[PDB]
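In the form deposited in one PDB entry, a lone chain appears below as structure tokens.
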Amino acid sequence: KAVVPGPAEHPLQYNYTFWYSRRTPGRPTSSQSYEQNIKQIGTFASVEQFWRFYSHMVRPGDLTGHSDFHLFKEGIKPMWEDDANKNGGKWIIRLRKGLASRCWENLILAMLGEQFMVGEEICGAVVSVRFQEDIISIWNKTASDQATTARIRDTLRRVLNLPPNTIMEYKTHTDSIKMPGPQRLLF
């Protein structure tokens, strides 16, 4: 079962797993329910194995519904509850429609190619497709590590071509957990 690079393939620093989820906004969501709505697509160990999945995948810009792709180090679930994520957080970038597919490709290539240079800190990346915008996120292990979170922010600026006036926001997962005019109906 264990995934290894093939004979002539180019090995990665880590194995990674693609995940996919589709839901609706505003669901009363426990740990167990969240985990049931996310599914593993495939795991890879080499650059060539990456492209075998990625070249055959729907681009996030072409997904319908309230849907997400997650690409995380093998053994890390894309959930706050995972031991690797419990003390962590994420940089988020919000994008108008039409930009997510290119941004996602740049993000995951930078991640896989070890462009962040924060040791073991990266957990994974998410692209979230929503009603009138898309969101791209990168998760790391230790939210309190200011050197790490700053290095990640700067790397995103370096590898992504963002519209002028693009806000980046850092959210600790513990802040996310405890976060609450009209109710938000379409997202």
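Shifts are known only where both forms have a C-alpha. We number the residues from 1 along the sequence you see. Whichever C-alpha set is largest while still superposing within 1.5 Å between the two forms counts as the rigid core.
Below, we turn to the form deposited in another entry, even though it does not appear here.
Of the residues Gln146, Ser55, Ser33, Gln132, just one CA atom moves 2 angstroms or more between the shown form and the other one under rigid-core superposition; it belongs to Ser33. Relative to the shown form, the Cα atoms of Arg22 and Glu35 move together by 3 Å or more in the other entry. Compared with the form shown, the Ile108-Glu35 C-alpha separation increases in the other entry, the change being 3 Å or greater. Once the two forms are aligned on their core, only one segment of at least three consecutive shared residues with Cα displacements of 2 Å or more between the shown form and the other one appears, at 24-37.
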